[PDB]
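*Asks:* sequence plus experimental coordinates follow:
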Amino acid sequence: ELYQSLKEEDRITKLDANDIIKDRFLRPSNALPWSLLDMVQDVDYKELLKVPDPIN
Amino acid sequence: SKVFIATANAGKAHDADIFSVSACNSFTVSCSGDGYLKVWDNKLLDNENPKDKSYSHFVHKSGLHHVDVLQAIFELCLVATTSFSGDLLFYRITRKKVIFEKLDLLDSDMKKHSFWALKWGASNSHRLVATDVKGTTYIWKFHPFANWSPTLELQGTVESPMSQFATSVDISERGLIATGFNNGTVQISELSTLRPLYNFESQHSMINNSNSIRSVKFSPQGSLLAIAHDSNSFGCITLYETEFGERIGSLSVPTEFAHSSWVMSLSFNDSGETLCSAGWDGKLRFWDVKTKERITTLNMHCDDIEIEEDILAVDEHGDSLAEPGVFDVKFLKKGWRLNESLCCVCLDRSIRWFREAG
Amino acid sequence: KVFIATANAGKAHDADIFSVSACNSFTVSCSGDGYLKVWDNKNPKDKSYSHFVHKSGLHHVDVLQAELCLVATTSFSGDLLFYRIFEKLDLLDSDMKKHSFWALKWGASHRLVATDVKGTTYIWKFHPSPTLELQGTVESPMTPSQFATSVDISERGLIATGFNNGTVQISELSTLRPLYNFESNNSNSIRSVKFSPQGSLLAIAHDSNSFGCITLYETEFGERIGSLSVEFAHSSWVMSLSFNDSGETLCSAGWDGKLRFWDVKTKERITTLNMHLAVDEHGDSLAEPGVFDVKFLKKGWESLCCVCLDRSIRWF
Amino acid sequence: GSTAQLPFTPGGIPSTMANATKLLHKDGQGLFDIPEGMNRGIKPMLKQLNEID
Amino acid sequence: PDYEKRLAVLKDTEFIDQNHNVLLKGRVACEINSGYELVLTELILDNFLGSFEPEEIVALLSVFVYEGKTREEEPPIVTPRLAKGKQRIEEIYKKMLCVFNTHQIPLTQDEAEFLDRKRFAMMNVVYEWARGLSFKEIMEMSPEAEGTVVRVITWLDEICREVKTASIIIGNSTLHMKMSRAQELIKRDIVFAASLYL
Amino acid sequence: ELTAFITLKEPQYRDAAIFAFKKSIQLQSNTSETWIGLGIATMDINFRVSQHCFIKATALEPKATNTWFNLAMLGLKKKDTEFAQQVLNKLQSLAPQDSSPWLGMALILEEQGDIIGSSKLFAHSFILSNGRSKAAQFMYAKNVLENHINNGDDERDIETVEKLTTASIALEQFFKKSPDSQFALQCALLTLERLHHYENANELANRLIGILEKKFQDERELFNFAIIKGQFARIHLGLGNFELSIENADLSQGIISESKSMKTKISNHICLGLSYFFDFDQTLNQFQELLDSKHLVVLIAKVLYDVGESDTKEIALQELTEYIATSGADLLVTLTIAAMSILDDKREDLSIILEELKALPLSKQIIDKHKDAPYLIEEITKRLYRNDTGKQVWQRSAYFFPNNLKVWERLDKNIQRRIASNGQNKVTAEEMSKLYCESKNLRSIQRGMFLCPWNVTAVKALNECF
Amino acid sequence: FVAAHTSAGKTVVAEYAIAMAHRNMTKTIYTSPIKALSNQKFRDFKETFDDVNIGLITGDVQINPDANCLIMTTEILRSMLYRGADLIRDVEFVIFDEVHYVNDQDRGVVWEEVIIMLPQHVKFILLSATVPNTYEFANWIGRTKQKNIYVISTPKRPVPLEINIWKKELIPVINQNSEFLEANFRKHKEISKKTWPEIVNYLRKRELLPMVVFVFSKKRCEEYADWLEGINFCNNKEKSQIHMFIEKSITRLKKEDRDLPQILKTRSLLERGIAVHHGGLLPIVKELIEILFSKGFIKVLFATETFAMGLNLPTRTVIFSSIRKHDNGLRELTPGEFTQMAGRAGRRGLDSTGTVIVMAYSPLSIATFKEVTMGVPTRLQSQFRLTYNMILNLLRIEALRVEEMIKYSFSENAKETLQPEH
RNA sequence: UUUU
């Protein structure tokens, strides 16, 4: 909608509350932070060897 | 691929930021935000000022940020550029002054789209690719003759996998297209079929939305793909293998990151053995593809300009330009300008050329 | 050694009084309301005057006297203004006026030293038709750069700059070359740096995690000689330091409302003056926020001046 | 090159199995029990006939 | 006889064992191709340098590449940690010299007169070059000529490479990162300018 | 036959390997690899014969370092730590570039009880491996996960995020070779859920759930299934599929309703409440009433306030005040109370909130890196008095913490632009483009739009330029 | 093994070896103990050869790694040999240059260890100045490596030399047949700020320029150079050419680098035909001066010993301001050093004879003069030394005993009584 | 007070 407007000297541009508080302090999220994750998360010797290679 | 020597220089080349650069055998072309298109002759002499051999043309009042050049043997030389308003503009270069001929190659319904990126695909018919602000890629075939009578034929479009901003595009010599998006996703599709092949996401984490693809490049052999992307105020490079679509590794240096601020552009040399990246921190770094290890580093200063009157130490606001960020970088084939060459454009409105020792 | 309250003036400024300075004739004080007030040294509210400088407020001030009397101040807009006591001068060039300045100090040819927000220190030379001419500049020792919070200049030709990361750099004035480099959620910001009037001694008001520390270094060798403690000198941040004419006692002002006097030779405390260490359980001072700046006055004007959070200026 | 590589043999400068294990401490029942350069074996907490040279 | 005495010295300081097998210290010292393998190995073997900065490490390592023959008086050290490193290197060399003279090994002119010459007189110059100062200030503060400074920094590059390899052997990642960072920090400008023959 | 026996773990291949090795040794006893193979073959039956074979192999070919590692691992198999340590010291002196000795040393140190040295050795082994060892990748990922579960970290720490990313990459490379590994899949899910990579977590969790479903009748199987289902419900909740999250949480809760179990119960309650909130408010209210740490209380208060009922708001306020009166005073709870009071427009408590906010100790001001207290103080001052005395707290904050960005975001924009440049502060491309566009210049607006063409303000400013 | 005077044509042998190895499709390695000659040799070989690739290997830089002829120093080759580099697989010839060069305080002259550690398929081409000790070293190499070495020694000189002595007079003391003259020496025995203007004026009148003055002091070189104010040697065209060359050459530097005091002073002297060459200069300045001297724009040069070993020094005259040089104290010049420095005073095809002048500020004794000028050449010495690094590396490589390597080193009067298990 |  703005690029359509763009389709039609260092000039200077002519471009000049409760929502911010609600979004910054009282908006719950479905992505759990690391604090809740810390609150809820719970955390053969022959396979270390090398078998020798074939011989031709 | 270890020693680079400065060759020629030009300060205060444009009146605004130089956003892109491209080169061919005959000349080097650059664009800027003032709206002009400049041509720099590659075949120079000793102790000749590059501003003496330069030709400028006014294109758009809004400014330009992308450019590409096509040269093929009747000799045709085409330039395509994108403006800040969103237009796609084609010009024909003819020579010993330089003549700019505006070409009207797009129909009326194709002039309502806002384009961002573009790239030429040379014959090995020539092809043109472009990205849209809506997340679409367009494929064209260029026919010069029917006698000179150029036409652009639309082949098809590729939609976005998810829509997001399409920021970068590339085309390989084996017939592949890579598109980068602003969330860190890269899509690879087939040229002859217009069907997507691979779709891999390169994000370190999704906690914050500061991931974005800035550049995608294909290896000269076409079997490798390099990706430059953001990581919340850092710059990262990841290498992928295009035949089967698997992650190879990453390029990093102590400063898990390739650059300190942001990686703007990438470039391969002729053999595809060395990769160069340009950073917002004001550095050029060169990497070995096989060993994934850094080779060399170049530093950019405002005092590199040969003529002392063209040195721009500060901008219009007083901020220092002692170590300016690099916008774009390009490798030049042997014989264009003995050995390979390199060009880059910076924040101090300068364009610089380098030579490889050997 | 004891001190007796002499004069007081409450509600001096409308906003926080951030800095104080004095000379043989006047005492000046800046605030965030954009006023600077000149207080006669000979109630003091009836001997006071006010002038308007900038609407963004002021946070630094200094006085130079030599019949010359000059005042320099810095605003929250990054400006740097001069006044001939009130007659505004124009000494800064057009391109130099584009910079952002934080702190200053009159080095009594006369010298002026100022710091920037990018970590750069500027040194000038005042020539009374008054003009300034830039002697040189000193860049940030570290990369990436940091905020240059404090600066001082000594009579023997030394310059000390403190940064917000805890680094103090000593540089010469003759050649502008570096000499020393000390590197002493946590905070370590360098709040104040001072040179002893006589001898070779540098006092640095260091910062701990919500604690105030003072550390003493000696010049010509760059060796740490110890720290003052009562190793924390105050239960809150230490805001400013001050020496006397002799240089034997050092006064420190803290954010706990106390003025502690120390002995340079013995590195021991002398007396404490409360404007109105105990730590409750975390590091919180039991006392209330106190003093912004302190300044010794030599004999004939010994006395001292104090500016507090209560918007009052006190003389002792 | 690297220190992980061995040099090629210089020019001009100058019963193998039986001579190799001549100084190995053979314990009871005829079996090696101490590696070379060490002084102890593992302490938990037909093969002898194979002397075919 | 010289070979036997050097074997005795190498066994005494626990570089090789009684069977003439190379130990960890000898394995690390195999990488250092400069003139002082033993002292450098003893310096970088423990966690002494764990609180240093890359600039401080590259400044301290200049004692091993600077001949120390100068007439101008040494200025005060620019950093306390540089003084601490100076003291540590001096005590290591004193101990090693006593061990050497126990076995009556003949010493070269440089090895015997190490602590007599002012070999710590380029730490400030290398420090300020690594911080980011230009060559003009460096020359205005240096006690030598341009060629000597260029040579010292050029050799310090290879010293950094060797210390990187030794740190990979030892198992110290932080030292490896610091040495790579210092190598990138000091390699710039006219000191490492490309040759006019290339 | 030895390779087949190692992969499949069946006795009949070990005997065939022993037969072949004995016949080859009879035909020619001069070769070392035959003795190596014979030592590996009998490594579980008789350790004395294996040690003899390894020693003979060393004697025949002394420039081979795999015999020493085999002997050290055999010593570790029979629990002889000092013998293995001595052999590994020799091996490190012999082949430093190899990664096996570092892995063995790290295993010994981890068994002994050391934590820092074990982590350092695991990291060195992983870096030296260069993607050639599965064991190195698995051990490194497990160590990184074990060090960063209950360590009290924040998302703003770059090093922890980079460690988690490296562990995730290592686990992907590991899965390319050995999929269907239960422990590696669990570790991968734990890392991915913490990096917010939910699609990969969905795929891996589907694979793991299939594996556990095929593998099952016991008791511990049911408990592990319940824990996996709880994590899988968390993944759906984070992915936007609320119905599936509710179903999985209910299924997991059913099997562990009469019992490590407390963590699963808390997770199920949180997931059910948040799934129901996004819109049956009654079920969400009941589940949140079913439920310290200062974070559960804040989340519950936020949800109950956003419900929109008077009883819910009163309950949230009462719970926050109860926490304040019980566990002391903190910054987040006071900020939440202040925001709720400001939104509800209660005049009586506003003055007390303003006084408490202005009487903050210096420690809380050091902790507050976003400068929320000055913001709330100015908002309350402006609402109560309709004056302009609220910028004084901003001036004091800029005095105390002059390198912050949020303090200069209000006073002087040039200061904020200069402070954020050249790496003095860490800033993203969106914020930098906004700073550039706030210069009102055409060049700056073009640069800011180049840095972020999907920014509405940059496009609007460029359009307004003309 | 070739031992001949410098500029007698020893580079023809090296070029023929390179071409012969190229014909067989094998490789050649050229090594020297001076790190400042690698770049000069690289440029010279790249100019000389066509269809043959030339590469350069140093501590950091690598240029054309997969070339036919690689140029390095002996320390690089020794490191490669100890680390088992795969480059040596295809190498057929290894060229050792400046074998006679001896310097105690230089840890880079290690060519006997290189010879000991080379494989069986590699042949050698050793080049040196004329020495009386050739057969012992050739015999040791032949015995140790079991290769057939041939000894070529030549005293013939393409251009003869004369030795003269300078009060406002030039008295020839040694003619072109190396016959000391005593009548002229006695006649000399009978008979500052103005010395060098007078010397330069006399030489310019006699047309014996360009000249090189050998000064064994870094500060005295510059003092004498500054004592030449008022004299000029160039016209407008040559000055413009020199200015353009310097401007193009210093393009690679920053603006603050181009403004350094040495660069300004060097340009000021260079635009008049004067220059100074010593070890206290920046490397780029030394390269600029050497290239401009090679091109032929410089008539007067003051140089220390660092210029004697240089590659291209075509000079008509050589002047010795003294005979004593500090090394541990002031010491008279050895006959070998004097011969090496004075052998550069001739040009093939452009000169008929070589002029060498010794400066007498009171006369000079005859004993020391004859010892310095006509003396027995210095013998070839062994620089092999035992180091802890070599011992540790050989103990790490458990295949070669250190005692055996020690016993196969060169030693004058070695015991020929070794029966190994005989 | 040459040379590295």
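*Replies:* That came in fine, so what should we check first? Numbers count the residues shown, from 1 in each chain, chains lettered A, B, ... in the order given.

*Asks:* now whatever residue of chain A ends up closest to chain E: how far from residue B:243?
*Replies:* Here chain A gets closest to chain E at one residue, residue A:48, 19.4 Å apart by CB to the nearest CB. Where you see a C-beta, it was placed from the backbone N, CA and C, and this is true even at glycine. Distance of residue A:48 to residue B:243, given as CB to CB, to the nearest Å: 33 Å.

*Asks:* quick one, which of the two is more surrounded?
*Replies:* Counted by other CB atoms under 10 Å in any protein chain shown, residue A:48 and residue B:243 do not tie: residue A:48 has more neighbours, with 17 against 10.

*Asks:* who are the contact partners of that one?
*Replies:* Contact analysis of residue A:48 by CB atoms under 8 Å, 6 or more residues apart in numbering or on different chains lists F:73, F:100, F:103, F:135.

*Asks:* excluding covalently adjacent residues, which one is nearest to the second one?
*Replies:* Leaving out its chain neighbours, the residue that sits closest to residue F:100 by CB to CB, 6 or more residues apart in numbering or on different chains is residue F:69, at 5.1 Å.

*Asks:* and for the first one?
*Replies:* With CB to CB, 6+ apart as the criterion, residue F:73 has its nearest non-adjacent residue at 5.2 Å, and that residue is residue A:45.

*Asks:* residue numbers of chain E in contact with chain D?
*Replies:* Neighbours of chain D within chain E, by CB under 8 Å from any CB of the partner chain: E:19, E:21, E:30, E:31, E:165.

*Asks:* ok, and which of the residues you listed reach chain C?
*Replies:* Answer for the residues of chain E next to chain D near chain C: none qualify (CB under 8 Å from any CB).

*Asks:* buried subset of these?
*Replies:* Among the residues of chain E next to chain D, those scoring as buried are E:30, E:31, E:165 (criterion: 16 or more other CB atoms under 10 Å in any protein chain shown).

*Asks:* residue contacts, residue A:26?
*Replies:* Neighbouring residues of residue A:26 by CB under 8 Å, 6+ apart: F:302, F:305, F:306, F:336, F:339, F:340, F:343.

*Asks:* which strand or helix spans the fourth one?
*Replies:* Take DSSP states H and E as the rule and residue F:336 turns out to sit in helix F:331-344.

*Asks:* quick check, nearest of the contacts of residue A:26 to residue F:424?
*Replies:* Nearest to residue F:424 among the contacts of residue A:26: residue F:339, at 31.3 Å, using CB to CB.

*Asks:* how near is that closest one to residue F:333?
*Replies:* With CB to CB as the criterion, residue F:339 and residue F:333 are 11 Å apart.

*Asks:* what of residue G:380?
*Replies:* For residue G:380, the distance to residue F:333 - CB to CB - is 89 Å.

*Asks:* kindly report the same for residue G:339.
*Replies:* Distance from residue G:339 to residue F:333, by CB to CB: 93 Å.

*Asks:* which ones are touching the nearest residue to residue E:10 once chain neighbours are set aside?
*Replies:* Nearest non-adjacent residue to residue E:10, counting by CB to CB, 6+ apart: residue E:16, 4.9 Å away. Neighbour list for residue E:16: E:7, E:10, E:22, E:23, E:26, G:392, G:395 [criterion: CB under 8 Å, 6+ apart].

*Asks:* kindly recompute the last result at 6 Å.
*Replies:* E:10, E:22, E:26 (CB atoms under 6 Å, 6 or more residues apart in numbering or on different chains).

*Asks:* so how far is the helix or strand hosting the last one from its chain's centroid?
*Replies:* Mapping residue E:26 onto the secondary structure by DSSP H and E places it in helix E:24-29. Using CA atoms, centre = their mean, to the nearest Å, we find the averaged C-alpha position of helix E:24-29 to lie 16 Å away from the chain's own average C-alpha position.

*Asks:* elements contacting it?
*Replies:* helix E:37-45 (3 or more CB pairs under 6 Å, 6 or more residues apart in numbering or on different chains; DSSP states H and E).

*Asks:* how distant is the helix or strand that comes right after the helix it packs on from the center of its chain?
*Replies:* Using DSSP H and E, the helix or strand that follows helix E:37-45 in sequence is helix E:54-60. The chain centroid and the centroid of helix E:54-60 are separated by 10 Å under CA atoms, centre = their mean.

*Asks:* now what about helix E:54-60, what contacts it?
*Replies:* Helix E:54-60 is contacted from outside by E:49, E:81, E:85, E:123, E:126, E:127, E:130, E:131, E:178, E:181, E:182, using CB under 6 Å, 6+ apart.

*Asks:* again, only using 8 Å
*Replies:* E:49, E:52, E:79, E:81-82, E:85-86, E:89, E:123-124, E:126-127, E:130-131, E:156, E:160, E:178-179, E:181-182, E:185-186.

*Asks:* could you check whether stretch E:24-43 is close to RNA strand H?
*Replies:* No - if you take CB under 7 Å from any atom of the strand as the test, stretch E:24-43 misses RNA strand H, and the best it gets is 11.0 Å.

*Asks:* how long is that stretch from one end to the other?
*Replies:* 14 Å (CA to CA, to the nearest Å).

*Asks:* that'll do, ta.
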